[PDB]
Amino acid sequence: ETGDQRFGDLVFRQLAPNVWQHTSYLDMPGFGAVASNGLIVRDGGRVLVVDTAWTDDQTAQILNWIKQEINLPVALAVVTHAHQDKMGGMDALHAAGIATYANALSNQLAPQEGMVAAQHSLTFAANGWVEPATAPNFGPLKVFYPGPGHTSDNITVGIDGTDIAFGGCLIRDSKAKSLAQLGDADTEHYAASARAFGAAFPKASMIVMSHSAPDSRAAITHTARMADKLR
Amino acid sequence: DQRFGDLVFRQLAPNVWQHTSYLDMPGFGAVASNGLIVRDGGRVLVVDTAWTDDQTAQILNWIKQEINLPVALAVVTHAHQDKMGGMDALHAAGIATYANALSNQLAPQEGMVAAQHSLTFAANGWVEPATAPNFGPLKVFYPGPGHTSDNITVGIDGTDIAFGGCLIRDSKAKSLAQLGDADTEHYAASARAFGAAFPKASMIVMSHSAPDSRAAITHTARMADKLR
Amino acid sequence: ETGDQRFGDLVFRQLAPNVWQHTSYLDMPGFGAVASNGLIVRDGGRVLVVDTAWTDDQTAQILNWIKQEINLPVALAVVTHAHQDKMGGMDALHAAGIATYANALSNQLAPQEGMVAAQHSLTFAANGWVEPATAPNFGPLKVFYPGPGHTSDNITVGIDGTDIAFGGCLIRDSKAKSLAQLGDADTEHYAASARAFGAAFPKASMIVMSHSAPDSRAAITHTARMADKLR
Ligand SMILES: [Cl-]
Ligand code: NA
Ligand SMILES: [Zn+2]
Ligand SMILES: [Zn+2]
Ligand SMILES: [Zn+2]
Ligand SMILES: [Zn+2]
Ligand SMILES: [Zn+2]
Ligand SMILES: [Zn+2]
């Protein structure tokens, strides 16, 4: 697609002057290639990454692309929950010397899920905002825990200076037929958590998510309505 | 057993009592919920409120009569009415209250009053000590999502007792009785993590069964395997 | 039965001058009491116990019966696998200061079974006989691991100087209609393990077992034949 950059088996799409979406694919029975999206953010003289690819090899390719297209050191990465599409490439981040951050709950779940925990645990205030001492020097990344939904540990990220907020796997596109939630979903609170994401980033007009192309805020209201059906 | 008003108290160890309160739940009838009272030197520690403020005040008045030591702090194990229904009674009495940060985030949505203090947890599940000041023998462990996303558990140092709250059901239970806020994927691992956090505990106290052996942990984990 | 002795919820039957069988019961609602048998052995001025009762309180009843009726200290207990009927009372032994022994695998399985591990681990040679250094001062107790059957960890015990051998839950009543084997039974090897128990204690004429009264060697051959029907 126009605006998409193929790089090995990954796809990169510039979303804003300092923001790109990375996309990697995992082959799954019945579906073929399943895409997962993350973000790359240029912040002055460094790069920040949100979410790995499905695998270490793919995540190394993200770092390779950053070297080629941006040529600035990757300072830190934040992963948004303990599923393979978000934390599958933690090893490649650590081998590159990148400081990694995740919800403390994500780090506690990672071993059970067969993932590597991030090096640092984020903790959150009772109002959902990250405790700033657990997320030092995050630059424009505003990390918000909306409550359980897609998973108990899912977190979300707004990018200061842009119209962009990343709902991860919590938010689905405005035309999604289902939420694709599984047994680790909290179907009682999912709707309120989706709405709390909307409220935490009320001005964001481009909503980026893991398994759909970027959408309008209609993705948030649609997701919450579909989640209403689950309660 | 001992009675103050509508509350029942059962001594479990020299310094530990179980408190039991009841609420009529549409269909089920009178549902019991258990919490703990711990005497620790010159003070008393409470785990979980009763279903209501009035019932929780009854706990506080039994403590004053039978123990006659001030209640230093209370910890609540998740944002459901049987564990946090009586928060206002604790705050009216000047008691410092603690809950998982996530429990305090959920409390408004659940129609609960939030605790005054938020507990946070290391990646290994043990509470960050700075967030649980002066908990004495209370060893607070977050086992992972199960009954709810926010459920926490507590062992009593120097006793055989560990409190699984609503995560653990007794060895004769037929089901977990979990709802939409349960995590059926991780429930079994969380039950097993609770057992591993308090591996020497021989009396397992829980919210909706009388105290049981470690068979309650194993049975709960086996039932949880069947929801995965 | 004639000659049996009651203490609380337990029944004791003298089998030989220096050997008693202890029987405890577990209430299975709608099914009645499930009996489990173990052994008590007088060896000079000390007593040796094979298997606990189902619970700590029942096992304390065993210890009190020993004190009252034999009045010799219990030096050690050996438990024959990690099921409630054999290890359910470990805490009662430890509280009384009795040294406890089990197959290393039984001790490894105990935590996940909700049991308390024994203090000491037995290990076994390739021929099934216990490594003597791991079973110090066992006196007349001859411990044999016959291979997987009832469980992977089940062990068996002969009593030197008597005609008695204890098959635990591996050997079943010669009138049994089924093995009552569960998910942790090894049905490929069960028959060979029962036969190995018979060959390890070839002169034993009284076969004591966990869930029926003492039998002849027919209990061994019948059990092996029942297991043959499952290979
Ligand atoms: Cl995953
Ligand atoms: Na025990
Ligand atoms: Zn996910
Ligand atoms: Zn996803
Ligand atoms: Zn609950
Ligand atoms: Zn409950
Ligand atoms: Zn058995
Ligand atoms: Zn048995």
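For this deposition, the record names X-ray crystallography as the technique by which the model was determined and cites 1.75006148726 Å as its resolution.

Asks: Which parts of the structure should I look at to understand the packing of aromatic side chains?
Replies: A ring pair, where both rings are aromatic, is described by two values, the distance of the centres and the angle of the planes. All told, the structure shown has 25 aromatic pairs over all chains when counted by the stated rule. Ring centres of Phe124 of chain A and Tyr145 of chain A lie 5.7 Å apart, and the angle between their planes is 40°; this geometry places the pair in the tilted category. Residue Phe124 of chain A is located in the loop between β8 (120-122) and β9 (141-144), and its partner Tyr145 of chain A is located in the loop between β9 and β10 (156-159); the two are separated by 21 residues in the primary sequence. Where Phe194 of chain B meets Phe198 of chain B, the ring centres are 5.6 Å apart and the plane angle is 65°; that geometry is what we call edge-to-face. Both residues of the pair, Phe194 of chain B and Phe198 of chain B, count as buried. Ring pairing ties together the aromatic residues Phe7, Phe12, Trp20 and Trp65 of chain A, which thus form one cluster.

Asks: Just checking my understanding: could you explain the UniProt feature "binding site: Zn(2+) 4" (unreviewed entry) in chain B for this structure?
Replies: Residues and elements named next belong to chain B. Per the UniProt record, the feature "binding site: Zn(2+) 4" (unreviewed entry) sits at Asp82, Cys166 and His208. In summary, the annotated positions, though distributed over 127 residues, converge in three dimensions, the widest C-alpha pair being only 9.8 Å. Locating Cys166 in the fold gives a position in the loop between β11 (161-165) and α5 (187-197). If near-sequence neighbours (up to four positions away) are discounted, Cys166 is found in contact with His78, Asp82, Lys83, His147, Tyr187, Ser207 and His208. Along the chain, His208 turns up in the loop between β12 (203-206) and β13 (209-212).

Asks: What is the right way to look at the UniProt feature "binding site: Zn(2+) 1" (unreviewed entry) in chain B in this model?
Replies: Residue and element names in this part refer to chain B. Annotation from UniProt places "binding site: Zn(2+) 1" (unreviewed entry) at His78, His80, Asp82 and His147. Across 70 residues of sequence, these annotated residues stay compact in space, with a maximum C-alpha separation of 13.2 Å. Here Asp82 lies in helix α2 (residues 81-84). According to the relative accessible area criterion, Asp82 is buried, its value standing at 5%.

Asks: Sorry if this is basic, but what is going on with the sheet that holds strand β12 (residues 206-208) of chain C here?
Replies: Each strand in a sheet pairs with another by means of backbone hydrogen bonds, the pair being arranged parallel or else antiparallel. Residue and element names in this part refer to chain C. The strand order across the open sheet built from four strands is β9-β10-β11-β12, with neighbouring strands paired in mixed fashion. Across the chains shown, the open sheet's two edge strands, defined by having one partner strand only, are β9 (141-144) and β12. If you compare each strand with its neighbour and ignore which way they point, the axes differ by 20° on average. Two elements, strand β10 (residues 156-159) and strand β11 (residues 164-166), share two bridges in a ladder whose sense is antiparallel. Residue pairing in the sheet places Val157 in a bridge with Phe166 of β11. Seen against the sheet, helix α5 (residues 190-200) touches β9, β10, β11 and β12 and runs at an angle of roughly 150° to β9.

Asks: I keep staring at the coordination of the zinc ion (ligand 4) and nothing clicks. Help me out?
Replies: When a metal holds four donors in a tetrahedron, each ideal angle between them is 109.5 degrees; when it holds six in an octahedron, the ideal angles are 90 or 180 degrees. All names here are of chain A. Looking at the zinc ion (ligand 4), the protein donor atoms are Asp85 (OD), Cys169 (SG) and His211 (NE2), and they sit 2.0 to 2.2 Å from it. Along the chain, the residues donating to the zinc ion (ligand 4) are arranged with the sequence spacing D-x83-C-x41-H. Taken as a pair, the zinc ion (ligand 4) and the zinc ion (ligand 3) show a spacing of 3.5 Å. Remark: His211 occurs in the loop between β12 (206-209) and α6 (218-228) and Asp85 occurs in helix α2 (residues 84-87); sequence separation between them is 126 residues. Taking relative accessible area as the criterion, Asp85 reaches 5% and is therefore assigned buried.

Asks: Looking at this structure, I do not really get the interface of chain A and chain B. What am I missing?
Replies: Quoted interface sizes are often the accessible area lost when the parts come together. Across the boundary between the two partners, chain A contributes 27 residues, which contact 27 residues of chain B. Surface buried jointly by chain A and chain B totals about 1,900 Å² across both partners, of which 51% is contributed by carbon and sulfur atoms. On the chain A side of the contact with chain B, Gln108, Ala126 and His189 of chain A bury the most area, a combined 27% of that side's loss. If you look at where chain A meets chain B, you find zero salt bridges. Inspection of the chain A/chain B interface yields seven residue pairs in polar contact.

Asks: Help me understand the pattern of salt bridges in this model?
Replies: Side chains that carry opposite charge are capable of pairing whenever their charged atoms lie near each other. All names here are of chain C. Per the counting criterion, the structure on display carries 18 salt bridges over all chains. Where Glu1 meets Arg13, a salt bridge forms, and the shortest distance between an N and an O atom there is 2.9 Å. Taken together, the residues span a long stretch of sequence, with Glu1 in the segment before β1 (5-7) and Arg13 in strand β2 (residues 10-16) at a distance of twelve residues. Among the ionic pairs, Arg46 bridges to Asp43, the shortest N-O distance being 3.1 Å. Judged by its relative accessible area of 17%, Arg46 falls in the buried class. Through salt bridges with shared partners, a single network forms among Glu1, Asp4 and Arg13.

Asks: Sorry if this is basic, but what is going on with the pairing of strand β5 (residues 43-47) of chain B here?
Replies: Residue and element names in this part refer to chain B. Counting buried residues in β5 gives five out of five residues, a clear majority hidden from the surface. In β5, alternate side chains face the same way, and those of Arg43, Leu45 and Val47 on one face and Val44 and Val46 on the other are all buried. Sheet analysis places strand β4 (residues 29-40) next to β5, joined by five bridges and oriented antiparallel. Directly across from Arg39, in β5, lies its bridge partner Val44. Of the strand pairs in this sheet, β5 and strand β6 (residues 71-76) are connected by four bridges, and their pairing is parallel. Looking across to β6, one finds that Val47 is bridged to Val75.

Basis of the calculations
- Residues numbered from 1 in each chain as written, not as in the entry; some residues may be left out.
- Chains lettered and ligands numbered in written order.
- Heavy atoms only, no water.
- Residues with missing side-chain atoms left out of burial classes, pairs and counts.
- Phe/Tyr/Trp six-rings, centres within 6.5 Å; stacked < 30°, edge-to-face > 60°.
- Helix = DSSP H or I, 4+ residues; strand = E, 2+ residues; numbered from the N terminus.
- Buried < 20%, exposed > 50% of the residue type's maximum accessible area, 1.4 Å probe, protein only.
- UniProt positions renumbered as here; feature names shortened; annotations may be inferred.
- Contact = heavy atoms within 4.5 Å.
- Pairing = 2+ DSSP bridges.
- Axes fitted to C-alpha atoms, helices over the stretch in contact; angles between N-to-C directions.
- Donors = N, O, S within 2.8 Å, 3.2 Å for Na, K, Ca; no water.
- Buried area = accessible area lost by both parts, 1.4 Å probe.
- Salt bridge = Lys/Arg side-chain N within 4 Å of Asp/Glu carboxyl O.
- Polar contact = N/O pair within 3.5 Å; in protein donor to acceptor, adjacent residues only side chain to side chain.

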